[PDB]
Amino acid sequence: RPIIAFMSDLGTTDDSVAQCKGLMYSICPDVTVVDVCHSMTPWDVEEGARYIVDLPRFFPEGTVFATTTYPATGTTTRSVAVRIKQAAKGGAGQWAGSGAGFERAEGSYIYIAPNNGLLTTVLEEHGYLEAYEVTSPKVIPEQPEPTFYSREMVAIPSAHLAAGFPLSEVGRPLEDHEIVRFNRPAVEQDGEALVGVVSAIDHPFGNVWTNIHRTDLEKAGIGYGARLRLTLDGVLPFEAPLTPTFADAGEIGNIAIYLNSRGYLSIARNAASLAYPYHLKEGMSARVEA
C-alpha cells in the first residue's frame, strides 16, 4: 500500500496538480496520493521547507515525499532523491499517535525535490543515509517539459520510487557539498533577551509563529509559567505567562503566549485572531525576555 505525499507551489486553481496525480496513478496503480499543500508562496524555498520538515513521524514507513517549488525549471539542473536517517520525535518531543505513539524505524522515508535548498531543514533535523541525482530516463522523461519540472522531475520519479524502482538506480550519488542548502537565520541572545523573527502567520487563525525554539527557551531558563515580554515589529510589545494552550489566557480575546505543535514560541488570542486585525506579518522582528 504505497503512499506519495505531495507538496507543491502549483496551487489548486487549475488542472496542474491533477496532471501530476494522473501520472502518479498511471505509474503506480496501487498508490495513494495525499496532498500536503499546494498553497505555498511561489519560489520561497524557506516556506516550502516548513511544510515538509515535520511530516515523517505521521506517515507509514515507506512513504515517499514529493516536494517541489521549481524556479530553475527547464534548466540543466536535476532533482535530488534522499533516504532520511531518523524520523525523529517532534512537537512542543514525542512519537505521534494513540498510546505512546508510533515508533518509526530508521531510513524509512524518501524525499524527492529540486536541488535548490528546499530540503535544508529535512536534512538538518532528520539526517540522511544516501543521496542521488535523479537522471535516469527510466524515472524521468527523455524530453521533459521546460516549464513543468515539478511534474517531470518530481511527480513522475516519485511515483517510480512508490512503484518500487531502486533508489540507487535513479542516478549517480551526490556528495554532501553537492546538495544546495539555504542559510537559516540564527536566534540571537541580546543581553538576556532572545531575538528572532516572525517565522509564519498561522492561517486561518491568525496566530503568530516565531523562529525561537523551546530549546532556545530552556537555554535562558524559560519554562511553562514564566511571565514574558514579547515585542513584535520593534514597537508592539505584549505580556503574558508562557502557557501550554489558548484557553489558559482566561477570557476570549485575551493574549496567550505558548509553544506551538512544532515546538516554537508563539503568540495568539484565545479564540480570536491576533495577526489579522493588526496586520502582523511574516518577517517582522520578534524579541522575548522574562
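Sequential numbering from 1, following the sequence displayed.
Peer 1: Using the PDB record, quantify the missing residues of the deposited sequence between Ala92 and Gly93 as none, 1 to 3, 4 to 9, or 10 or more.
Peer 2: The entry has 1 to 3 unmodelled residues between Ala92 and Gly93.
Peer 1: If you average the CA temperature factors over each stretch, which comes out higher, 188 to 196 or 120 to 128?
Peer 2: That would be 188 to 196.
Peer 1: When the C-alpha temperature factors are averaged for each of 143 to 151 and 82 to 90, which stretch ends up with the higher value in the entry?
Peer 2: Comparing averages over the C-alpha atoms only gives 82 to 90.
Peer 1: Should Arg214 be placed in the lowest, middle or highest third of its chain by the C-alpha B factor in the entry?
Peer 2: Highest third.
Peer 1: Considering only modelled residues of the same chain, in which third does the CA B-factor of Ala105 rank: lowest, middle or highest?
Peer 2: CA B-factor rank for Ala105: highest third.
Peer 1: With respect to C-alpha B-factor, does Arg269 fall in the lowest, middle or highest third of the chain as deposited?
Peer 2: As the PDB entry reports it, the C-alpha B-factor of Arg269 lands in the lowest third of its chain.
Peer 1: Lowest, middle or highest third: where is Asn254 by C-alpha B factor in its chain?
Peer 2: According to the entry, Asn254 has a C-alpha B-factor in the chain's middle third.
Peer 1: Within this chain's modelled residues, let me know which third the CA B factor of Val33 belongs to: lowest, middle or highest.
Peer 2: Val33: CA B-factor falls in the middle third of its chain.
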